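K.L.:
Protein chains in written order, with the UniProt record's numbering: chain A, 26 to 369; chain B, 26 to 369.
Pasting a structure here, questions to come.
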Ligand SMILES: C#CCO[C@@H]1O[C@@H](C)[C@@H](O)[C@@H](O)[C@@H]1O
Ligand SMILES: C#CCO[C@@H]1O[C@@H](C)[C@@H](O)[C@@H](O)[C@@H]1O
Ligand SMILES: C#CCO[C@@H]1O[C@@H](C)[C@@H](O)[C@@H](O)[C@@H]1O
Ligand SMILES: C#CCO[C@@H]1O[C@@H](C)[C@@H](O)[C@@H](O)[C@@H]1O
Ligand SMILES: C#CCO[C@@H]1O[C@@H](C)[C@@H](O)[C@@H](O)[C@@H]1O
Ligand SMILES: C#CCO[C@@H]1O[C@@H](C)[C@@H](O)[C@@H](O)[C@@H]1O
Ligand SMILES: C#CCO[C@@H]1O[C@@H](C)[C@@H](O)[C@@H](O)[C@@H]1O
Ligand SMILES: C#CCO[C@@H]1O[C@@H](C)[C@@H](O)[C@@H](O)[C@@H]1O
Ligand SMILES: C#CCO[C@@H]1O[C@@H](C)[C@@H](O)[C@@H](O)[C@@H]1O
Ligand SMILES: C#CCO[C@@H]1O[C@@H](C)[C@@H](O)[C@@H](O)[C@@H]1O
Ligand SMILES: C#CCO[C@@H]1O[C@@H](C)[C@@H](O)[C@@H](O)[C@@H]1O
Ligand SMILES: [Cl-]
Ligand SMILES: [Cl-]
Ligand SMILES: [Cl-]
Ligand SMILES: [Cl-]
Ligand SMILES: [Cl-]
Ligand SMILES: [Cl-]
Ligand SMILES: [Cl-]
Ligand SMILES: [Cl-]
Ligand SMILES: [Cl-]
Ligand SMILES: [Cl-]
Ligand SMILES: [Cl-]
Ligand code: NA
Ligand code: NA
Ligand code: NA
Ligand code: NA
Ligand code: NA
Ligand code: NA
Ligand code: NA
Ligand code: NA
Ligand code: NA
């Protein structure tokens, strides 16, 4: 097991609007969209993209601006659905085959080819990619081996090499990387040690370093980073303290200051932020109240403000966002959302 | 002729630092680099990349983070130099051939292939591209025809299609675009009318629209935009008033509010910005003082603040930046810079 997961995936679209994707009580993927590219825009309300899924659905934006949603099907294959043109109609659901046992994780290579990562039937890391920029057809499936016990997360280094993070059978954070951008040649697996009790969360800092966050054995929020832009040595593990009861979420403020969010022991949303600037020391933890039943999902909107989403006690998706002074009151976006994560 | 040009090219690097590139009294390309990814970082001092150039040198970042600098050579061919690895050593200068009669303009396609645009010996628009993502060899040159009378400027639409802007023989703003992302198929030329007396300056908005700024026949700053995300019809020309004596520079604040900069009749730096939000009305023009002998160059740094560069009365490069309350006083980065613009 791992800490409680995020309930939605979110994207800031090609036209600057937030769109959130989750799973309904009918096992379809539903989505909810800002009308306008601003903090506090009205929302569409929940709308179904149909299908029947058995993982968290994960939205990604192609390099031509088209949204694409990936999810495990009822046959355990990887399935996907995409906008046929930027901000336009959706394709039918289509299978990418395989047999997967985690949520999918997606990134664009430097050549615009989406690459998708998931755990396999064998508990190894597997991957598949677009054969040309922002387009099918897709490659055959292949394995990066290893044996992993969390959902994988992928990011891109500031030199263009993809890098994947996952928990190992010893509960340490492990990782593996492309040897060159767009490459099919990957490193050996390497351990970054620690004991982690959530999915890892990875972000790129303003200064080009990968930084990984995860709940520890003591239920504190911990992090570890590349000390040099796209390069080792990594730092030691460092504690940001707290006691958290979900996976964390991390986003960059307007000024690049990292900010981490998680559910607290009182089930409120809590957060801690870098102070002064993006190189800065982290603040003490502070509560944003509420009573939540998922990990939070954080994202920076087109006004440069953080917006945080979490499921509530009524199973609706609730929302709060940064204002000048403070944070806004929690508001409900309604709906009934379930946690369909393929690893819990 | 066109309004006075910018003296440097600037990039916010893969690791978050500002680096500026200009032409020294020896006609070599020189550069100056922030040590750290923060407003008010100390600078390296000017350092030479050698070469002998007869255009403004134009820096662009490959999709793998490697800087690449483009410039017209003493033989009028397009020349370039690149980092051999991200943020590391530089190649030798190499020729991409052709005969060009403007500064070069560069954008990355959605497939990661850089494409460069320049006016040719025939006065038409020409282009050349990398044949694979962030790598040579380059394609053959081809023409998009037209007859142009300014430096061209390229940008990417929110659906991934490159689009190029230039002044025509009638002094109107003309443009031309890819019919699909990464394509060798382009539109016919189309006129956006108006009378322009500077190079056009293009930026993408938070909501995915191309917006173009130019000095008008009355020496006011004018602009015009796509009405629908990545699509015509375009707006009317609208005036932002002022009386300006250089090319404008435009950048996005970290909340996406556009902000334009230009030298005034008194040779000081002046600016006007969007208020409220990125969909807000523009402020009155305000002075940032200084006495400057080039157009200003504006860029957002890794603290989310705008920084503006301009040549001074002593031919050094000077710098002011946004602060909480105000703007910083002008500071000198030293050096002696010449205006090597191919079109004056
Ligand atoms: C519109 C609407 C809201 O619908 C609710 O929320 C959706 C996300 C689904 O769970 C539906 O089954 C449920 O009824
Ligand atoms: C076409 C289509 C959609 O298919 C549904 O949704 C897919 C994601 C799979 O779960 C299929 O097994 C299921 O029938
Ligand atoms: C080298 C290597 C691969 O290691 C495997 O996969 C890693 C991710 C860990 O789970 C190890 O405990 C396991 O043996
Ligand atoms: C190629 C290569 C090397 O990759 C880098 O250096 C490795 C030794 C690891 O520290 C990775 O996190 C990092 O991306
Ligand atoms: C250290 C600290 C901050 O607070 C702790 O961690 C927070 C996230 C909450 O869980 C509190 O209930 C708990 O006391
Ligand atoms: C404070 C507040 C807002 O409301 C609380 O937190 C929300 C996220 C919901 O769980 C409500 O049911 C709960 O009452
Ligand atoms: C070091 C240094 C600064 O050098 C000055 O500024 C450079 C940009 C060149 O013009 C040199 O010729 C001049 O001497
Ligand atoms: C190699 C090299 C450097 O060459 C100089 O700089 C290049 C950019 C060209 O102008 C050459 O013609 C000139 O000789
Ligand atoms: C069609 C076409 C191209 O038109 C040419 O190129 C345009 C950019 C203008 O300069 C016209 O005045 C000129 O005739
Ligand atoms: C394909 C296509 C259409 O291109 C768009 O629509 C055209 C009519 C122009 O407005 C361009 O500025 C824009 O890029
Ligand atoms: C006001 C001010 C700061 O300085 C002025 O503007 C600078 C940009 C230089 O031109 C100086 O030589 C001049 O004195
Ligand atoms: Cl609804
Ligand atoms: Cl379907
Ligand atoms: Cl993540
Ligand atoms: Cl700290
Ligand atoms: Cl944005
Ligand atoms: Cl010369
Ligand atoms: Cl070549
Ligand atoms: Cl050629
Ligand atoms: Cl421009
Ligand atoms: Cl930045
Ligand atoms: Cl000069
Ligand atoms: Na769009
Ligand atoms: Na966006
Ligand atoms: Na295979
Ligand atoms: Na990721
Ligand atoms: Na970064
Ligand atoms: Na950057
Ligand atoms: Na460097
Ligand atoms: Na451009
Ligand atoms: Na945009």
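Heads up, the beta-carbon is just placed ideally off N, CA and C, and yes, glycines get one too.
#1: Pick out whichever of 41(A), 37(A), 39(A), 48(A) has its Cα sitting closest to the Cα of residue 341(A).
#2: Taking 8 Å as the cut-off, decide whether the C-beta atoms of residue 13(B) and residue 84(B) are in contact.
#3: Between residue 320(B) and residue 287(B), is the Cβ-Cβ spacing less than 8 Å?
#4: Quick one: which chain B residues come within Cβ less than 7 Å of residue 183(A)?
#5: Is the Cβ-Cβ distance between residue 90(B) and residue 103(B) less than 8 Å?
#6: Quick check: residue 131(B) and residue 97(B), are their CB atoms within less than 8 Å of each other?
#7: So if I threshold CB-CB distances at 7 Å, which residues from the stretch 43 to 70 of chain B count as touching chain A?
#8: Looking at the strands, I want to know which residues DSSP matches up with residue 144(A).
#9: What does residue 323(A) reach in chain B if we use C-beta pairs closer than 8 Å?
#10: Would you say residue 109(B) touches ligand 8, meaning its beta carbon is less than 7 Å from a heavy atom?
#11: Out of 280(B), 315(B), 267(B), 337(B), which one is the CA nearest neighbour of residue 62(A)?
#12: Can you confirm whether the stretch 174 to 182 of chain A touches the stretch 219 to 232 of chain A when touching is taken to mean that 3 or more C-beta pairs between the two stretches lie within less than 8 Å?
#13: Ligand 21 heavy atoms versus the CB of residue 276(B): any closer than 7 Å?
#14: Given a threshold of 16 other Cβ atoms within 10 Å of its Cβ, counted over all protein chains shown, does residue 35(B) qualify as buried or as exposed?
#15: Quick one: which chain A residues come within Cβ less than 9 Å of residue 135(B)?
#16: Could you compute how far the alpha carbon of residue 174(B) sits from the alpha carbon of residue 262(A)?
#17: When you compare only the Cα positions, how much space is there between residue 160(A) and residue 136(A)?
#18: Using the three-state DSSP reduction, which class does residue 229(A) fall into: helix, strand or coil?
#19: Quick one: does the C-beta of residue 161(B) sit closer than 7 Å to a heavy atom of ligand 19?
#20: Examine ligand 12 and report whether any of its heavy atoms sits within less than 7 Å of the Cβ of residue 70(A).
#21: Within 8 Å of any Cβ in chain A, is that where the Cβ of residue 164(B) sits?
#22: Say whether chain A places a C-beta atom closer than 8 Å to the C-beta of residue 114(B).
#23: Using a Cβ cut-off of 8 Å (strictly closer), state whether residue 258(B) contacts chain A.
#24: Can you give me the start and stop residues for the beta strand (DSSP E) that residue 35(B) sits inside?
#25: Output, in chain order, the set of chain B residues within a Cβ distance shorter than 8 Å of residue 302(A).
#26: For chain A, is any of its Cβ atoms less than 8 Å away from the one on residue 206(B)?
#27: Using a Cβ-based criterion (distance less than 7 Å to any ligand heavy atom), does residue 214(A) qualify as near ligand 3?
#28: Any Cβ of chain B within less than 8 Å of the Cβ of residue 276(A)?
#29: Sort out for me which residues DSSP pairs residue 57(B) with in a bridge.
#30: For residue 258(B), does the three-state DSSP call read helix, strand or coil?
#31: Under 8 Å Cβ to Cβ from residue 207(A), same chain only, skipping five residues before and after it: list those, please.
#32: Determine which residues of the stretch 335 to 365 of chain A have a Cβ less than 8 Å from any Cβ of chain B, and write them out in chain order.
#33: Which one or two residues does DSSP pair with residue 333(B) in a beta bridge?
#34: Can you say whether residue 333(B) is buried or exposed, counting buried as having 16 or more other CB atoms within 10 angstroms of its CB?
#35: Just the chain B side, please: which residues come within less than 7 Å of residue 233(A) by C-beta, in chain order?
#36: Tell me whether residue 36(B), by its Cβ, gets closer than 7 Å to a heavy atom of ligand 6.
P.N.:
So, from the listed chains and residues:
#1: Among 41(A), 37(A), 39(A), 48(A), the Cα nearest to that of residue 341(A) belongs to 48(A).
#2: The structure shown has nothing for residue 13(B), since chain B only spans 26 to 369.
#3: Yes; because the gap between Cβ atoms is below 8 Å, this pair is in contact.
#4: Within 7 Å Cβ-Cβ: 39, 40, 90, 111.
#5: Not in contact: residue 90(B) and residue 103(B) (Cβ atoms no closer than 8 Å).
#6: The answer is no: Cβ separation not under 8 Å.
#7: The stretch 43 to 70 of chain B vs chain A, Cβ under 7 Å: 62, 63.
#8: Within the DSSP secondary-structure output, residue 144(A) pairs in a beta bridge with 150(A).
#9: In chain order: nothing, as chain B lies at least about 17 Å away.
#10: Not so, every heavy atom of ligand 8 lies at least 7 Å from the Cβ.
#11: Minimum Cα distance to residue 62(A) is reached at 280(B).
#12: Short answer: they touch.
#13: Answer for residue 276(B): no, Cβ out of range of ligand 21.
#14: When all chains shown are included, residue 35(B) counts as buried.
#15: Among the residues of chain A, those whose CB is under 9 Å from the CB of residue 135(B) are 87, 88, 89, 90, 137, 158, 159, following chain order.
#16: Cα-Cα distance, rounded: 58 Å.
#17: So the two alpha carbons sit approximately 12 Å from each other.
#18: It is a strand residue.
#19: Shortest gap from the CB of residue 161(B) to any heavy atom of ligand 19: 7 Å or more.
#20: Yes, the beta carbon of residue 70(A) sits closer than 7 Å to at least one heavy atom of ligand 12.
#21: Judged by the 8 Å Cβ criterion, residue 164(B) is not in contact with chain A.
#22: No - not a single Cβ of chain A is within 8 Å of the one on residue 114(B).
#23: Chain A, which has no Cβ nearer than 8 Å to the Cβ of residue 258(B), makes this no.
#24: Following the DSSP letters along the chain, one finds residue 35(B) inside the beta strand (DSSP E) bounded by residues 33 to 37.
#25: Taking the beta carbon of residue 302(A) as reference, the chain B residues within 8 Å of it are 63, 328, listed in sequence order.
#26: Cβ-Cβ to chain A under 8 Å: yes for residue 206(B).
#27: Yes, the Cβ of residue 214(A) comes within 7 Å of a heavy atom of ligand 3.
#28: Output row for residue 276(A): interface = no.
#29: In the DSSP assignment, residue 57(B) forms a beta bridge with 45(B).
#30: The answer is strand: DSSP assigns residue 258(B) an E or B state.
#31: Excluding sequence neighbours, residue 207(A) sits near 134, 135, 136, 138, 185.
#32: When C-beta distances to chain B are compared with 8 Å, every residue of the stretch 335 to 365 of chain A stays at or above that value.
#33: For residue 333(B), which the question treats as bridged, DSSP gives the partners 323(B), 345(B).
#34: Result: buried.
#35: Proximity of chain B to residue 233(A) at the Cβ level (cut-off 7 Å) is accounted for by 39, 40, 41, in chain order.
#36: No, Cβ of residue 36(B) sits at least 7 Å from all heavy atoms of ligand 6.
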